[PDB]
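What follows draws every value from the coordinates through simple rules; no lab data is involved. Cβ atoms come from the backbone with ideal geometry, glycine included; neighbour counts cover every protein chain shown.
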Amino acid sequence: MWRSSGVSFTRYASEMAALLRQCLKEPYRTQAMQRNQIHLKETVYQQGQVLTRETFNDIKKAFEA
Amino acid sequence: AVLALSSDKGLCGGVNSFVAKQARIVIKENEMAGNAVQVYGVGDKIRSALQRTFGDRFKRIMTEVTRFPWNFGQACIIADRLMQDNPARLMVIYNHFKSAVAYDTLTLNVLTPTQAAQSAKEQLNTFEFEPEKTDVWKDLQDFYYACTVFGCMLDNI
Amino acid sequence: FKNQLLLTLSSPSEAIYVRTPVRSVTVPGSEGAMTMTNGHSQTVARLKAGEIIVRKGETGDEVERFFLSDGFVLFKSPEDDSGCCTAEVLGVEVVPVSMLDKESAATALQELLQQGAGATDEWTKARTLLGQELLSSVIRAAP
Amino acid sequence: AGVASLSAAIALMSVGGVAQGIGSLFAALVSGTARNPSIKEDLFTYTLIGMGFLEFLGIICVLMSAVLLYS
Amino acid sequence: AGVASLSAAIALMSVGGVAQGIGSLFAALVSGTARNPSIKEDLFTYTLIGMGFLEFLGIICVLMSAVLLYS
Amino acid sequence: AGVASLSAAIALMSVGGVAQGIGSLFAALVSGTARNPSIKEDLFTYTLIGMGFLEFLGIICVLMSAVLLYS
Amino acid sequence: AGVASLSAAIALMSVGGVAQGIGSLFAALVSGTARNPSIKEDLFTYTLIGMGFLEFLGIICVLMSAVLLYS
Amino acid sequence: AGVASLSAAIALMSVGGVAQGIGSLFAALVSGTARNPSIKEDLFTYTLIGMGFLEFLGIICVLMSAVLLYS
Amino acid sequence: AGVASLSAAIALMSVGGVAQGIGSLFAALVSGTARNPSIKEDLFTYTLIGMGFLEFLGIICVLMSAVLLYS
Amino acid sequence: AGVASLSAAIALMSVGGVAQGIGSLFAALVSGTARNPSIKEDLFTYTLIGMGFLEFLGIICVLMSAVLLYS
Amino acid sequence: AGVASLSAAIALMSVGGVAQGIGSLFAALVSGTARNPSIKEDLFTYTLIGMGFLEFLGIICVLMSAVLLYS
Amino acid sequence: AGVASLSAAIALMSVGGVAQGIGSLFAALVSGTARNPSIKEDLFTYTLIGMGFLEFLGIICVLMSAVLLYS
Amino acid sequence: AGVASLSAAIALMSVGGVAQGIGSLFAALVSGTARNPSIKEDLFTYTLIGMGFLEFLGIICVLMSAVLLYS
């Protein structure tokens, strides 16, 4: 399925584990969403001369862009 | 493609120095034969180390990874970014954590789809793949990338 | 050592078992569920979702349930000197069934169906269907 | 003298192939439901289409058997 | 006229084919229950539907056999 | 009530093969749907093309059966 | 006359179609057990349902092998 | 003019024998489209080639049936 | 005893289905043993059970052969 | 010779076994093109070799039939 | 010498099923050896048990031919 | 005197099995080639060996038929 | 009059099933070679044992024809 939609297995697994984490109980759900915080800052280059810089705080937008 | 793992804060001794030293060695060794080199990095320290000398080879850099606890979701993003830019050969430079007062710098020659298609995978014939090998290999390979990044970054931290 | 099954059930955040000796371990393969025991051939398998069911050698009858989203299983033959055959169940998110909920599951299912109603991209439709799968599995698996 | 009965019995014999087809169809249905249990309505719909075709062929052969018997 | 017996016997050959389908159908259950032992219920429903169709086919074959026997 | 009835009955033996082919077709459709639902509208299309032969082929024999019943 | 005995020999041709069904069912049992022994005693029960049909569909024809022999 | 009709009816078996085989071809096409939707063409070309072969075989059998029916 | 001999000969076509079911069972047993040898004996048990049914069917036809060889 | 017209039909019945084989072959071809498309140029070649036999065999199944329509 | 050779050949017709079962069984053996050579000797054994049925049935079959050749 | 033609046709009504076997051969060859192209040189090497028997059987399936037309 | 020729032709029919079994054997052979070439030399050995039965049965069939075409 993911191979046909042009999708990686890592993306599928992460985006499904996100839903599974949403199906948790609150005391454990807090710790689960705590240990899975995401923050990145991608910086694209082309022989120096930075093309763009972009932050990511969500798994979906991190995999899409 | 050389993925150099490093930190973002200072006062870390000289681990990033050794990482960048090994990276310079690898680049100067592989650029003589004519292999076009690309550089991926994790942390601002490697960026500050290699900007002036090998800044015309950067492809994508990530940082602010050590703010929150390291997780598999952080590694899957970097693995996907590596796969979308599928190179012919990948190297990973990081620091192995032997003991609380001893580390060790290493370089991991990592398999790639180009290197996998060129092999019949006769070594895995002993293993019964429940789906067929051709259907499960691309997923096993993505998992391999993610796990590699995960373990390497943990040791470096 | 012993002619048991050396299980290691591992997620990134926590290793529940490392060298636990058991008798039989059920796992939800992509084709279908299957139970690994000692003597089982070397194998690699992809898991889709569902309830791993562990059964220790001391237990026999007593079990342990663990919900897994996605991952792999690696069964490796026993070395000639160890006398024990090993198995590694890697899961991207391995929860116990005690920590699951049926209401938030249905809420997430409803929100997924809402988001996927505007079916334009292949990945959105695929994600909607796979979420339906996993959430139905969670509902059927929760107590 | 009783050739019509022979013809009817010889025409009825396609029920074996019809039943083989129906069994293969519903086996595929059951397997696909065991794999993807969230998709049962579409599988049941396609199974109903196939069963309609196969039942049409079966009723055709039964009608021809009755015709040849009481021509 | 014993000849009218023969025609009836010929119809019974179809029943053999029917059995084959039934076997395949039940295999889909016996595999499915091993592939997904959580449900064990909808598979039985589809199995019963298919078995209803196949039993109807076998029953009309038997009835036609008895008809061609006595007539 | 002669040889024409026997021939028109023997012509019906192909319906079993046609039914087996249709069953294989729709079983493959069901399996492909359970595997990858996201191309349902595609698979059904191809399935119809198959019917464009198989059912038609069966009909030929049925027509020829009547041709053998009033030759 | 003795020709009726041929009808009996025709009634046993459905046998040998039941055998394929039994073989398929018990082979599915064997495979599902080898894959998932933990649920062994469940799968056996399902076979007891399948043999609930085939074991009849065989002997029924055997009864015809008598009924279309002496009559 | 009684043996010709029986000859044609006997020759009609290859129709069902061919529908079996067309069904397998199109089932393989469906499964291939399910396993790799990115390749629709290069599966329909080979399918059409096999269709041409099996259509030629069916044409052969129907032609010989019509021949023997009047010769 | 000519017609009786022909009946006895025709009785022994079901042996093919018996052998096919036997081959299916032993193939499934061999594959399951290749998968999980630790469930050898258990599987063997189930296998023998199925074989009994087939064996019974085989013996049955043999008995009928004797009947159709004399009666 | 009326029996000649039967003989030809029987000689044509083998096409039912022929086409099945051809279908299976091309099915495998499509599956290969669904698994490793980048070597289509290989698989088709091997497929042609198979046809190089089957067509020839099929021609035999035709020729004697026509011969049996004259001799 | 009609009935003798007729019954002989007719009884001998049923060895194709024995050959098919043998082929399926040895194919399962080869596949299992490919998947798990470490229990190679443990599979061959079971296949011999299969022969202990199949060939034996075949033997009976062949014997009956002789019993029908000089009855 | 068309009984010789009838015997030749009946003896010729077994090429379907040869064709099915050849189709299975080449289908498995193509499948195993798509699974592992680098070993093609071996997969062909065994394939021809199988043909080295099948065609030979096919030759018998022809030769006696010609003999049955004259002797 | 054509007793011996017809009986030999009817006996020669099992070659189809024999060829199907041989095809299944060599298909499993090539598949196991693709799955594990390192034990190729072993698998063929077992495959020959299969032939050691199959062709042997086939040989018996031809012998019976030689017995029946001359009484």
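Okay, helix-only estimate at 222 nm for the protein assembly as shown: each DSSP H run of n ≥ 4 adds -39500 (n - 2.57), divide by all residues, round to 500 deg cm²/dmol; what do you get?
-23500 deg cm²/dmol
Any idea how far apart residue C:63 and residue C:114 come out in nm if each label point goes 7 Å out from Cα toward Cβ?
3.6
Per residue of F:57-63, how many C-beta atoms from partner chains lie within 10 Å of its own C-beta, taken as a mean?
Partner Cβ neighbours, averaged per residue: 5.
Mind checking the mean number of beta-carbon atoms from other chains within 10 Å of the Cβ atoms in C:106-116?
The mean count of partner-chain Cβ atoms within 10 Å per residue comes to 1.
Tell me which DSSP H helices of chain M clear both cut-offs, 15 Å or more of axial length from alpha-carbon atoms and a mean Kyte-Doolittle hydropathy of at least 0.5.
Membrane-span-like by this criterion, though nothing is claimed about a membrane: M:15-35, M:40-68.
Counting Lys +1, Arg +1, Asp -1, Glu -1, what net charge surrounds residue L:27 among other residues with beta carbon under 14 Å of its beta carbon?
+2
Between the helical axis of B:133-156 and the dominant principal axis of chain B, each derived from Cα atoms, what acute angle in degrees is found, rounded to the nearest 10?
That works out to roughly 20 degrees.
Full extension from residue B:12 to residue B:124: what is 0.36 nm times the residue separation minus their Cα-Cα distance, to one decimal in nm?
Between residue B:12 and residue B:124, full extension yields an extra 36.2 nm.
With a 10 Å radius around each residue's Cβ, average the other Cβ atoms per peptide and rank B:12-22, A:1-11, highest first.
For the peptides B:12-22, A:1-11, the packing ranking is A:1-11, B:12-22.
Starting from the Cα of residue M:49, step 7 Å along the direction of its Cβ; do the same at residue K:66; then give the gap between the two resulting points in nm.
2.7
Can you give the FRET efficiency to the nearest 0.05 for residue B:52 and residue C:14, using r as the Cβ-Cβ distance and R₀ = 51 Å?
0.75
Quick check on my link table: of A:25/C:125; C:76/K:40; C:2/G:40; C:48/C:102; D:40/F:40; B:133/M:40, which ones sit more than 21 Å apart, alpha carbon to alpha carbon?
A:25/C:125; C:2/G:40
At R0 = 60 Å, how high is the FRET efficiency between residue B:106 and residue E:42 if r is their beta carbon distance? Nearest 0.05 is fine.
Efficiency computed from Cβ-Cβ geometry: 0.70.
Rounded to the nearest 0.05, what FRET efficiency do residue I:3 and residue I:59 have when you use their Cβ-Cβ distance and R0 = 22 Å?
The value I calculate is 0.40.
I want to make sure I understand the PRE zone here: with the label point 7 angstrom from the Cα of residue A:65 toward its beta carbon, which residues in the stretch A:2-18 have backbone N atoms less than 19 Å away?
Once the point is set 7 Å along Cα→Cβ of residue A:65, A:11, A:15 turn out to lie under 19 Å by backbone N, inside the stretch A:2-18.
Gap in Å between the Cα centre of the stretch C:62-106 and the Cα centre of the stretch I:1-39?
Comparing the Cα centres of the stretch I:1-39 and the stretch C:62-106, I get a distance of 41 Å.
Helix C:122-141 against the longest principal axis of chain C: what's the angle in degrees, Cα atoms only, rounded to the nearest 10?
60
Take peptide C:127-139, look around each residue's Cβ out to 10 angstrom, count Cβ atoms belonging to other protein chains, and average those counts.
Average neighbour count from other chains, rounded to a whole number: 5.
Could you tell me how many degrees, from 0 to 90 and to the nearest 10, lie between the Cα long axis of helix C:103-116 and the main elongation axis, the longest principal axis, of the Cα atoms of chain C?
On a 0 to 90 degree scale, this one is about 60.
Provide the packing ranking of C:1-13, I:5-17, i.e. peptides ordered by the mean count of other C-beta atoms within 10 Å per residue, highest first.
I:5-17, C:1-13
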